[PDB]
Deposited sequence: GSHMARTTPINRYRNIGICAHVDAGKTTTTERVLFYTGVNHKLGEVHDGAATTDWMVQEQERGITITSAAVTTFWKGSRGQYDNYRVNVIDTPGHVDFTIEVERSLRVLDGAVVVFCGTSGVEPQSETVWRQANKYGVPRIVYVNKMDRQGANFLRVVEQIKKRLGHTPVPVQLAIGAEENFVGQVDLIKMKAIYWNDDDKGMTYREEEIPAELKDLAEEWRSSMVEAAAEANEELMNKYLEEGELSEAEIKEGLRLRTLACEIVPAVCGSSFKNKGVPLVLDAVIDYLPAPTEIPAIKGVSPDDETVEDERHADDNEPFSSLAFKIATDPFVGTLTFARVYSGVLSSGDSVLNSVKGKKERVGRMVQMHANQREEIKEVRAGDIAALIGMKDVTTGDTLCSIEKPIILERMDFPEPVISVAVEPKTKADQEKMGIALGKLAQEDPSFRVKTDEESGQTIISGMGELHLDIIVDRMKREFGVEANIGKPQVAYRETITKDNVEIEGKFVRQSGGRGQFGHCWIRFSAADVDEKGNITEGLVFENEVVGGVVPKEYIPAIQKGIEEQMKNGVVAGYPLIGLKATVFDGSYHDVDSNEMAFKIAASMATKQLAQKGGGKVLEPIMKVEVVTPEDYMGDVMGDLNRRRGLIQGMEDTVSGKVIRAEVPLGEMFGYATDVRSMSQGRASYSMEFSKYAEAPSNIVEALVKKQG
């Protein structure tokens, strides 16, 4: 070995919108790079803000800056052991940050909080703390308080030591000064909350807190560390990364509250030879297992492959298994990306990050494991759009590309609705799809224009046994056209609520209409049926029975009969009871209790109607019959009300009549 596992920190800097992840990373590397002297993964060292701890290996992991890359973001949560979740003193708890925090709960990632940009206008640390408490549902525990509002930003009050921290230039050297009187009264209030939150860790500490009414600084970091790992609390810290004031203390909290590879549950994988689940404990003696997280490429050096080791040791020259595929790869040269240098390594132990230079087939999310003892370690779309090429000719090669892109990207979906002549491409973000279309426009050639999906409205009749006459007479191009038929139309069969799809055609003619012209009548009706009688939308189905009609042997032909049948079927616009229909979805909302009031009333803001309500762990499960039209942007509107906590499922349920405000505007469209 080299450095002991307990001295390792595999962390991720989770920051999204107005957080300043880019600055916070450059800073982390800067402070660590200097402090020590006295890319996808950045191997650094931290001895302490005031050199107070032992030398630790903090493995700064790149987390994605967009929630639309769900797979990349779910994986980064497995590559790290603990999270440094960055917020903006201003913005605070945004919808973007809510989603990562929810998937983090899914993997149970111990976290600490960084409330960056305390310098920017409208920034207040405690407001964000209430937002973390009230909207993120964990238990935030401030270990610091803030000095100065916006422009007034000097530093932090370390609530454990109870000495106000001011900064000295480049914000690495700090002044352990005193709490100013204005803050003295508040620091007490928050310190008591922290000491109490630390006290409820183990029974030992509660009896010591109950003795005096306090605990030692070491007994405070003990309690706060236990519940951090237990995923019961999030220690909070504030600062300004760009204005340098605060980044070393954050790195300390990483040392203090975040776990080492052993202090998290053993990565649960699957038996390669999948119906069985085996697992690997962060142990050198456990058979080797790791996952590849970033396949980068340097021009001179070659193809890098960022690999987080979970269990065992791997040395330059080893021959492993790519368990995903089945292929056996041989491990070549290895390195570890530092702040600026590329440091050449020989072996890589459990719970560490090394780069595999020049490798054969090693895809992202690939398990590299022990040949002898093997294991393999490694979603519903949110947004859907209507796609079509700029020039109608392209059409076949659009579906070739999209079909391939959906096979390349599993987080991307393609489906066609033929009755509406629509291709529906879907995924995780407006962004995700803007990128996919862009890739099709370039790397595939098919230029395509995207639009909001159109509602596939259908049509129906109500009046049964309606006998309509179709009379076609046109005198053109040196010929006569004669078509004459009477057809009796009955309404399409209904369940309960479900309408029977298709045309039910019958022949009730005594012999006035010839034998050979009859199929042309079916074709005419069918043609009209898909051309639409009311507002020009296909009819769901129809009962149609021809029974009368004269003919002129010379001027009468199949096409004249096709026309007269369509002429008759069109007249159902007045003589039929032409009801326009709309798709009705079988929706299911899983909401926590608070949000149930908002959600339930929003389903009614969508003409939706309640078909049952169960009681679950956190809240309600509401089953509802809601029109697809009113379902526009649900995944988002729902992630809004539930504060990113709810989930919804849907499927098509039936067809039902549409409202007059919709219908009348659909007939005015004609």
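Missing from the model relative to the deposited sequence are positions 1-5, 44-67, 199-200, 305, 411-414, 532, 547, 709 (no C-alpha coordinates, numbering from 1).
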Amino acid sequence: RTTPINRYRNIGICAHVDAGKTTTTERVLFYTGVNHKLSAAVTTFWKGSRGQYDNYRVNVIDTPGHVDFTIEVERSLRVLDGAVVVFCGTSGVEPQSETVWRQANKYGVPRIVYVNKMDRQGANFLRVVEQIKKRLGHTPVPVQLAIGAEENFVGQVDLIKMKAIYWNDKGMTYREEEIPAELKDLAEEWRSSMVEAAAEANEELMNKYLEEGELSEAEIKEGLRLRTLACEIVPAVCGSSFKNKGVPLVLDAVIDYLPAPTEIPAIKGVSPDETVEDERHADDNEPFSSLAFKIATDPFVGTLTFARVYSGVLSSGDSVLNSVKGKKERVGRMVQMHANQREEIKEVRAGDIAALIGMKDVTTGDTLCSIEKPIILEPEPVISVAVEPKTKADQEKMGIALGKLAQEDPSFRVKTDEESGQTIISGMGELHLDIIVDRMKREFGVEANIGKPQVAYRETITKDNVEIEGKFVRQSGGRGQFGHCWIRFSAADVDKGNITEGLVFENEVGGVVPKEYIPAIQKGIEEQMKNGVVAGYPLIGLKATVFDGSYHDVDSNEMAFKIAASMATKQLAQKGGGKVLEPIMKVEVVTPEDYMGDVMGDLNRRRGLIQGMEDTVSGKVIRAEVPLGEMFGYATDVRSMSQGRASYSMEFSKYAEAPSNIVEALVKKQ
From here on, numbers count along this sequence of modelled residues.
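Two stretches are in play, 516-524 and 399-407, and the higher mean C-alpha B-factor belongs to 399-407. Checked against the record, the higher mean CA B factor of 276-284 and 105-113 lies with 276-284.
Per the deposited record, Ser271 carries the highest C-alpha B-factor of all listed residues (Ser240, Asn124, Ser271, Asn531). Across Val129, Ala197, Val324, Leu258, the greatest Cα temperature factor reported in the deposited entry is at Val324. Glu26: CA B factor in the middle third of modelled residues in this chain (values from the PDB entry).
Sorting the modelled residues of the chain by their CA temperature factor places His16 in the highest third. The entry lists a Cα temperature factor for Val250 that places it in the lowest third of the chain's modelled residues. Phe87: CA B factor lies in the lowest third for its chain, per the PDB record. When the modelled residues of the chain are ordered by their C-alpha B factor, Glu176 lands in the highest third.
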